[PDB]
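A.B. asks: Here's a structure for you.
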Amino acid sequence: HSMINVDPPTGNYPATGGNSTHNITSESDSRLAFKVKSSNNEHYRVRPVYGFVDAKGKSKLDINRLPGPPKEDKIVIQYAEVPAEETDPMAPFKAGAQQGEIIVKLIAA
């Protein structure tokens, strides 16, 4: 199942501004590439957008809440298995190779 987990699986912020760090951890014995789709690229600033997570490893995600209205938004992390050989984290996505997605909720209130 999945093959990636996000810690925490939600980011809860103060409407006027916030922040939270997330741990994307791998469960495959293969390397992964991840793509981050953001719903609100205007109150939220997530980093990186693309990236690798070594096999059975860990990679961080930086979401940054900026002043805005109290509402809920989401981030969808898509992943894909990649040979050690793969340079670009975008290659398996420009390819249509997403193998799964996790939805991180972003509640600003």
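Here's how to read the names in the structure tokens: chain A, B, ... by the order shown, residue numbers from 1 in each chain, ligand numbers from 1 in the order shown.
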When you look at residue 58 of chain A with a cut-off of 8 Å (counting only C-alpha atoms), what residues show up, excluding the ones that are within fewer than 2 positions of it in the same chain? I need them as a list in words.

C.D. replies: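 Near residue 58 of chain A, the qualifying residues are residues 23, 24, 25, 26, 53, 54, 56 and 60 of chain A.
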
A.B. asks: List every residue of chain A that DSSP, applied to the backbone of this structure, assigns to alpha helix (DSSP H), and report them as a list in words.

C.D. replies: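 For chain A, the alpha helix (DSSP H) set is residues 91, 92, 93 and 94 of chain A.
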
A.B. asks: Between atom CA of residue 39 of chain A and atom CA of residue 16 of chain A, what distance in Å does the model show, to one decimal?

C.D. replies: 17.9 Å

A.B. asks: Could you tell me, as an NGL selection string, which residues of chain A DSSP assigns to strand (DSSP E or B) when given the backbone?

C.D. replies: :A and (4-7 or 10-13 or 18-26 or 31-38 or 44-47 or 50-53 or 58-65 or 72-82 or 100-108)

A.B. asks: Tell me which of A:96, A:4, A:37, A:68 sits closest to residue 52 of chain A, counting only C-alpha atoms.

C.D. replies: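 Result for the nearest residue to residue 52 of chain A: A:4.
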
A.B. asks: Given only C-alpha atoms as the basis, pick out the residue of A:28, A:59, A:10, A:2 nearest to residue 103 of chain A.

C.D. replies: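 Closest to residue 103 of chain A, using only C-alpha atoms: A:10.
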
A.B. asks: So, with only C-alpha atoms as the atoms that count, which of A:8, A:69, A:51, A:57 lies closest to residue 33 of chain A?

C.D. replies: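 Smallest separation from residue 33 of chain A among the options: A:51.
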